[PDB]
Amino acid sequence: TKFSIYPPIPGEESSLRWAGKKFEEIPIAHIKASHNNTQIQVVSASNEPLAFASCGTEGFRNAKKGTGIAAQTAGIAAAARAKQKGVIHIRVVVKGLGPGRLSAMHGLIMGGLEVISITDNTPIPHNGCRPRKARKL
Amino acid sequence: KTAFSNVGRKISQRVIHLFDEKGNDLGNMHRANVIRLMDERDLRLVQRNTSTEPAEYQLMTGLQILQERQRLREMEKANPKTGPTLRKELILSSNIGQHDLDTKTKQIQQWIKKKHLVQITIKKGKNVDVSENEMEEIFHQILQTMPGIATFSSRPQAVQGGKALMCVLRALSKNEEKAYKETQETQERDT
């Protein structure tokens, strides 16, 4: 067949398998790319925490956490703890427009993990709560 | 300013005096050999004492890294020891108007009440000839407003070949205060 960019809906039967596992079963890599930090947490299909890493947990301080090298370092630290539990294929769910939004995705690949999808779950309200006032800096 | 958090897998110094999680002294070992123990037992290294010339690092579990600082959050709360003194500066002019001298004299009263150090400097007024007789009479005029609260730390000096005078003020020390108090009572009550 051809190749579609839309994810295979669970209900309808498909033929796309990864290591004999359906798309639903693949573990999920929740990335929260903030402006001053980047936390990464890998979970299974049944929401079971397997690995957690962040720039702070890798020995970075203050303004070094909001860089692209600290997010990549955090991906290698989470892709090395989850590869010992039998994780190879993951579903990336990026949340945030921070510096370590794409650099953490590269770090997960530098740990032996293969990314099959890229999901964006950045919080966008349909007017809800009021942000802080604009600054003059 | 430091925190009891893991340093990570990047060590600056090649030789470290590693310490066991249980407090056993592993002994000095190569930097590469330190990371092997962080994976073999999945433990994080924290620098216990920077001051010592030989690098000292202790590897403990994440829960052990939380309990440590969780006690440093109480020791400082129970017995806080913050003694740094901020230093303030003022640059006046001999011909400074009284109104501006009363506003700047009230600013010094807030600094002396917060146990700050006030560096006061006086300069020759614009196109004004004056000696150090009336140029040094402003310190005595400022200190008089604070009789007991403030006292000289340093004394007027010719910082810049005599054109300018610099002095430092401080909040009166507890002991000194008591002495001032004691003296005040005798003058009026005994009479």
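Every read-out reported here was derived from the displayed coordinates using simple, explicitly stated rules and does not represent laboratory data. Heads up, the Cβs are rebuilt from the backbone with ideal geometry, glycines too, and the neighbour counts pull from every protein chain shown.
Wrap a convex hull around the Cα atoms of chain B, take a quarter of its surface area, and give that in square nanometres. If you can, show how the numbers build up before the last one.
Values: hull surface 76.7 nm².
If I average the Cα hull's projected area over directions, I get 19.2 nm².
Please tell me the relative contact order of chain A in percent, rounded to the nearest whole number, where contacts are Cα pairs under 8 Å and at least six residues apart.
Numbers: 259 pairs, mean separation 30.9, N = 137.
Contact order relative to length: 23 percent.
Over the Cα atoms, compute the radius of gyration (one decimal) and Dmax (the largest Cα-Cα distance, rounded to a whole number) for region B:1-86, in Å.
Cα only, region B:1-86: 14.6, 48 Å (Rg, Dmax).
Taking neighbour Cβ counts within 10 Å as the exposure measure, how do A:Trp18, B:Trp111 sort from fewest upward?
By the 10 Å Cβ count, ascending: A:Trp18, B:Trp111.
Can you sort B:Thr105, B:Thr85, B:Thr145 so the residue with the fewest Cβ neighbours within 10 Å comes first? Walk me through the numbers before you get to the answer.
On the way: B:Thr105 19, B:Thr85 10, B:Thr145 13.
Lowest to highest Cβ neighbour count: B:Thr85, B:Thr145, B:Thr105.
Show which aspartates and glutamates lie in cross-link reach of B:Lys77 when reach means a straight Cα distance below 16 angstrom and same-chain residues fewer than eight apart are skipped.
Result set, ordered by chain and number: B:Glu68.
Taking amide H positions as placed 1.01 Å from N in the peptide plane, with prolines and chain starts having none, which residues 5 or more places from B:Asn6, or on another chain, fall under 5 Å of its amide H?
Counting only residues 5 or more places away or on other chains, the set is empty.
Among A:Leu108, A:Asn127, A:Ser14, whose Cα projects farthest towards the positive end of the dipole of chain A, with charges put on the beta-carbon of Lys, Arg (+1) and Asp, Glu (-1)?
A:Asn127
Pairs of alpha-carbon atoms within less than 8 angstrom and 6+ residues apart define the contacts here; what relative contact order does chain B have, in percent?
Value for chain B: 15 percent.
Which of A:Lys65/B:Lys114; A:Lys136/B:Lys1; A:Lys22/B:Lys10; A:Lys64/B:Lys114 have a Cα-Cα distance over 32 Å? Don't skip to the answer; put the middle values down first.
On the way: A:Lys65/B:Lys114 36 Å; A:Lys136/B:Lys1 29 Å; A:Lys22/B:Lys10 38 Å; A:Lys64/B:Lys114 35 Å.
With Cα atoms farther than 32 Å apart: A:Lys65/B:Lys114; A:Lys22/B:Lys10; A:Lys64/B:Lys114.
Based on DSSP, what percent of beta bridges with both residues in chain A are antiparallel, to the nearest 5?
Around 50 percent of the beta bridges assigned by DSSP in chain A are antiparallel ones.
Where the centre of each part is set by its Cα atoms, how far does region B:68-91 sit from region A:31-80, in angstrom?
Between the Cα centres of region B:68-91 and region A:31-80 lies a distance of 32 Å.
Taking H placed 1.01 Å from N in the peptide plane, check which residues at least 5 places from A:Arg61 or on another chain put their amide H under 5 Å from its amide H.
For A:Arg61, whose amide H was placed from the backbone, there are no distant partners under 5 Å.
Would you list B:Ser93, A:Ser103 from fewest to most Cβ contacts within 10 Å?
Listed from fewest to most nearby Cβ atoms, that is B:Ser93, A:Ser103.
How big is the dipole moment of the protein assembly as shown about its Cα centre under a simple scheme where the beta carbon of each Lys and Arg is +1, that of each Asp and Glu is -1, and everything else is neutral? Debye, nearest 20, please.
Charge dipole of the protein assembly as shown: 860 debye, to the nearest 20.
In whole Hz, what ³J(HN,Hα) sequence does region B:144-150 give by Karplus (6.51, -1.76, 1.60; θ = phi - 60°), x for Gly and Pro?
Result, rounded to whole Hz: 4, 4, 9, x, x, 5, 10.
For B:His17, list long-range residues whose amide hydrogen, built 1.01 Å from N in the peptide plane, is under 5 Å from its own amide hydrogen.
Under 5 Å from the amide H of B:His17: B:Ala55, B:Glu56, B:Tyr57.
For region B:95-191, count the residues as N, evaluate 2.2 N^0.38 Å, and divide the Cα radius of gyration by that value, please.
1.23
Quick check on packing: order B:157-164, A:129-136 by the mean number of other C-beta atoms within 10 Å, highest mean leading.
Highest to lowest by the protection proxy: B:157-164, A:129-136.
Once you wrap a convex hull around the alpha carbon atoms of chain A, what is its projected area averaged over all directions, in nm²?
11.0 nm²
Quick one: net charge of A:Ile31's neighbours, Cβ under 13 Å, K/R +1, D/E -1?
Summing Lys and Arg as +1 and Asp and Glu as -1 gives +3.
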